[PDB]
C-alpha cells in the first residue's frame, strides 16, 4: 500500500503545515501537524475542556462506530516550545492520503496549553518520530508510520514541504518526479527516539564551505533551523544590522535586508536554503525589525533541522531495519 497527502502552510510565514487525516467511521477529517520530532497522534476532541477549544475541529469518538476506549491508558506530552497536552486514548481507524491503519491509538486531549488553543488551524499532531518516544501509559503505543510499515510497498515516508506553498507527505514510495539529481542518504541514530543525523558542514551565502560535524534532528514540527551558536553567529554576521535580541528571543535583522542563503552538508552533497526562506517577517505587526529563521540551539540541548531547512529539500525518512535519512534538492 501507499498514501499521499497534501500538506498546507497554516499562515503566510509557513509557521507550520497541516495535513488532512480521516479518523473514525464515518470519517471525521481533522487537520493535523505531522511532526517527525514526536511520537503521539493526539487530537482536539469532544473531551477537550471547552474553554481550551477555539475554532479547532474536534474528534468525537462516540460518533465513530470503530472507536474503542483503550481502557486505563493516558498520555501527557510537553514540547520543546513549552506547549503541552494530555488526555485519554481510543483506538480507531486512521487514514492519511488513502493509506489506512486499523487500531491506531488516537490520543484524545482533555487539556491543551494556550499555544494550542490560540492556533485554530491545528486540530492535533501526528507524530512520526520513533515509537520509543510515545507517551501513552501504561502501554506505550505505536506511531501511524510504525503501524502502517509492514503494509507499505517500501518502509519509508517522504516530506516535501513547500515554501509559501503546499507540499506533500508520501507513505510507502519515493516519487522520483519530486526532486532533482540524486538522493543522498545518511546514517540515523535512534538512541534519543529522533531522526538524528550528522550534517557534514555549512556555508553562508557564496562563502566557502566549512567541513564540521553537526549532529541534529530532522523535525517537521519545528518551524526554524536551530544550530550551534558559532554557526548562527557566522550567518548573521553577513547581514548588516542583525543582532541577537534577548528581549525578542533570538536574532533579528532589518526588514530592509536581503538575506544570504545558507548551505548545509549531507555527506558530500549540499542543500541550499535560499535567503528568502530565512525571513520570518516583522517581530510585531508593522515593525521594521524582522525575525530570523536561523537561531541558536544553545540551551535547547540539540540542533534542529526544522522546516526552514527541510522545505529546501525532498526528505526521505527510511524506516527500514537500519533507519536512514535521504536528502535531495528540488
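Numbering follows the first chain given and starts at 1.
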For this session: Return whichever of 285-293 and 44-52 has the greater mean Cα B factor according to the PDB record.
Result: 44-52
Seminar exercise, completed: Higher of the two mean Cα B-factors (16-24, 315-323; per PDB record) comes from 315-323
Problem set entry | Deposited CA B-factor, highest of 241, 167, 172, 124 | 241
Exercise. Highest CA temperature factor in the entry: which of 192, 233, 93, 198?
Worked result: 192
Exercise. In terms of the CA temperature factor given in the entry, to which third of its chain does residue 75 belong: lowest, middle or highest?
Worked result: middle
For this session: Within this chain's modelled residues, let me know which third the CA B factor of residue 224 belongs to: lowest, middle or highest.
Result: lowest
Exercise. Ranked by Cα temperature factor within the chain, is residue 145 in the lowest third, the middle third or the highest third?
Worked result: middle
Seminar exercise, completed: Assert third(CA B-factor, residue 6) within chain per record equals lowest
Problem set entry | Relative C-alpha B-factor of residue 158, binned into the chain's lowest, middle or highest third | lowest
